[PDB]
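Here the structure comes first, spelled out in structure tokens, and everything after it is commentary.
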Amino acid sequence: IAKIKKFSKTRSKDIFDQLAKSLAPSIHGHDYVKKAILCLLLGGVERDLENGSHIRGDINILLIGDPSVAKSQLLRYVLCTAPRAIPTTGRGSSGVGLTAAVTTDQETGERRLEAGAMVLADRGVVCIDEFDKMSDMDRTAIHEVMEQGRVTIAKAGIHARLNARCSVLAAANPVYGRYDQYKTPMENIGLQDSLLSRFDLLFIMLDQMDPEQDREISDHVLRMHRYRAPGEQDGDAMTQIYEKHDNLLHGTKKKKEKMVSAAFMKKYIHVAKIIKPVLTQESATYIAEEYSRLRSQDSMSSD
Amino acid sequence: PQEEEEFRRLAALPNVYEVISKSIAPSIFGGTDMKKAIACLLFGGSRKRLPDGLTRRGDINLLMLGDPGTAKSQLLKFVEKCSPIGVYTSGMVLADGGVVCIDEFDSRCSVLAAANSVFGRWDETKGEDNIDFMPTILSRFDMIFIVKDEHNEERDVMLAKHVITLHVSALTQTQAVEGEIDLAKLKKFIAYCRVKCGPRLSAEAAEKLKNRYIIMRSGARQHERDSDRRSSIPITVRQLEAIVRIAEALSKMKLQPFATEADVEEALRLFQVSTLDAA
């Protein structure tokens, strides 16, 4: 607790900068994706009204790009880090798997409810790789959860409503296999307007083979590959806030900065998720003006 | 127990590679590189596990494209006959560690696939767009070979003479040409080599292969950038894994515990001749 308070007081504005930076050392680049993942880990605020209407407090992010841009690696890392993380592939689970079902018990003759994949992952993370291969109908089934976070079931003799307040990560490939620079993003994504609108953030990743970028990626991959865990004999078959510096994981140049340890990061994330912020009036007008500018940008979109 | 000494003697020779290559379909004229690729596919690489639970493929994947009449189905039949476990389909669970041949391409299994041109016959001038498969499925294949009907007046005469001699002399005698190994003996030798041991690379070979991979990636870059067109056969880390597997298979063929630089050089030459010519 004292260490957390000291880190918060010393690093006032750098926290959101550092946590995104130290999110995944094994993955190079994609600062915006790391920031979005950090925001998902932090989460929003759920607000309940006097009338009882529910406003969603979850964020949905869809990543689309070329193969081998370390998207499945990010999904696996989120699965490992998140407390309640469930991976559900495209054709691995159907609507019956994702949505709770009704089974008639032969022993007593009554009908019981069996929870689906999303029902169990309450206030958690659901990761969906190969989201393009998923049928439209499972998308319609997931639409209710993405909109209001609830599932209504009604089969003769029984009816119920289950909570499905959850966040979703989705990874999909373009229709042509590789993203087309000339063609518009609408053709490349190949998805309906409602599904995209229900998603909160869209990220497009391009495998730009720049000289310096290729050299840096190769150097990072080679450094990670050549790394071996300490305390172990070579050739064998097989908490401080800042992580100990390593010549291979970090490098000589990166000696000026240090990465946050996983356990301390998890504790700080939990404490931050406990915190309940309050919106101010000064930011409200600025946000409204920027939203109006965004809506009027249709005449200023240029090319 | 006696056959162990025979296999050890056979594998201890300095010319095991040439004998094995000659033993792969001696009836078929030409295709020495294809025979060597088939042999190293039959020997195959070695699978390695990781404590994180991840597994890496220890099997090689080959693809063949060419005009009809290039003796592609015969090679598939010979591979199926020679392999201890072999499946032949017209286009997986029952095969475990064996070889699956797939004709008309348009679970630990090695895959050997044959396919035909989109227009029926290869067009050299058009270059790309002659392969209908997407790059996503093309990247899985470790090597890709292209065969064209090289029309030579003397080569047709030689091919006809070879075919007629094979037709005539076959009832007369069935004997090895020059020290060729029998089908049963080769089958048992391959099984013994696969069961016994699997080799690993070395540091110097690793550095050489890393440098060659960087150079080849830069070259594929520059070709794509100058051509102003996307190559249907990309080069990724999977190609490096395939080259590592081929080098490991070459070292396994000699039963040596550690791979040498010669195996890496041969693997690089074969990978060049296949992919770079194909790409």
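All residue names refer to the structure tokens as shown: chains lettered A, B, ... in order, residues numbered from 1 in each chain, ligands numbered from 1 in order.
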
**OP:** Excluding residue B:45 and residues on its chain fewer than 2 positions from it, collect all residues at most 7 Å away from it, counting only C-alpha atoms, and give them as a list in words.
**Re:**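 The residues that qualify are residues 43, 47, 58, 59, 245, 246, 248 and 249 of chain B.
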
Subject >> Check: which chain A residues lie within 8 Å of chain B using only C-alpha atoms, as a ChimeraX atom specification >> reply: /A:177,209,238

**OP:** Can you pull out every residue within 10 Å of residue A:141, counting only C-alpha atoms, but drop anything in the same chain fewer than 4 positions away, and send it as a count of residues only?
**Re:** 10

Subject >> Between atom CA of residue B:251 and atom CA of residue B:190 - distance in Å to one decimal >> reply: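 Computing it gives 13.6 Å between the two atoms.
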
**OP:** as a ChimeraX atom specification, please: all residues of stretch 80-115 of chain B that backbone DSSP puts in strand (DSSP E or B).
**Re:** /B:86-89,99-102,110-115

**OP:** Using only C-alpha atoms, determine which residues lie at most 6 Å from stretch 10-26 of chain B, disregarding the query and same-chain residues fewer than 3 positions distant; provide the list as a list in words.
**Re:**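 Those residues are residues 7, 35, 36, 180 and 254 of chain B.
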
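Shortest separation to residue A:29 among A:158, A:127, A:85, A:217 occurs at residue A:217, atoms counted being only C-alpha atoms.
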
**OP:** For each of B:149, B:143, B:171, B:222, take the minimum atom-to-atom distance to residue B:267, counting only C-alpha atoms, then give the residue where this is smallest.
**Re:**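 Under the stated criterion, the closest residue is B:143.
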
Could you give me, as a compact mmCIF listing (two decimals) with N, CA, C and O atoms, in the first residue's frame, the residues within 9 Å of residue B:93, counting only C-alpha atoms and dropping anything in the same chain fewer than 4 positions from it?
# COMPACT_ATOMS: atom_id res chain seq x y z
N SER B 107 -3.06 -34.59 -34.89
CA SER B 107 -2.74 -35.12 -36.21
C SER B 107 -1.32 -34.73 -36.63
O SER B 107 -1.10 -33.62 -37.12
N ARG B 108 -0.37 -35.64 -36.42
CA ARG B 108 1.03 -35.41 -36.78
C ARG B 108 1.27 -36.09 -38.12
O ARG B 108 1.67 -37.25 -38.19
N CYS B 109 1.04 -35.35 -39.20
CA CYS B 109 1.13 -35.89 -40.55
C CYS B 109 1.98 -34.98 -41.42
O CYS B 109 1.79 -33.75 -41.42

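Atom CA of residue A:118 to atom CA of residue A:174 spans 25.5 Å [interatomic distance, one decimal].
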
**OP:** Check the DSSP output for the backbone and give back, as a PyMOL selection string, the residues of stretch 116-295 of chain A in alpha helix (DSSP H).
**Re:** chain A and resi 117-120+136-148+185-189+193-198+211-226+262-274+281-295

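If you measure from each of B:38, B:219, B:28, B:6 to residue B:163 using only C-alpha atoms, the closest one turns out to be B:28.
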
Original post:
Using only C-alpha atoms, which residues sit within 10 Å of residue B:3 once same-chain residues fewer than 6 positions away are excluded, as a PyMOL selection string?
Top reply: chain B and resi 9+185+188-189+192

Filtering to C-alpha atoms, could you give me those residues as a PDB file, in the first residue's frame?
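Produced file result-v7.pdb, reproduced below:
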ATOM      1  CA  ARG B   9      27.081 -49.780 -41.608  1.00  0.00           C
ATOM      2  CA  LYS B 185      15.406 -52.620 -46.669  1.00  0.00           C
ATOM      3  CA  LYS B 188      13.234 -50.648 -42.374  1.00  0.00           C
ATOM      4  CA  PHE B 189      16.250 -48.315 -42.521  1.00  0.00           C
ATOM      5  CA  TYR B 192      15.117 -47.364 -37.653  1.00  0.00           C
TER       6      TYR B 192
END

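If you count only C-alpha atoms and ignore residues fewer than 2 places along the chain from residue A:41, what sits within 8 Å of it is residues 37, 38, 39, 43, 82 and 269 of chain A.
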
Original post:
So what do you get for atom CA of residue A:129 versus atom CA of residue A:32, distance-wise?
Top reply: 19.6 Å
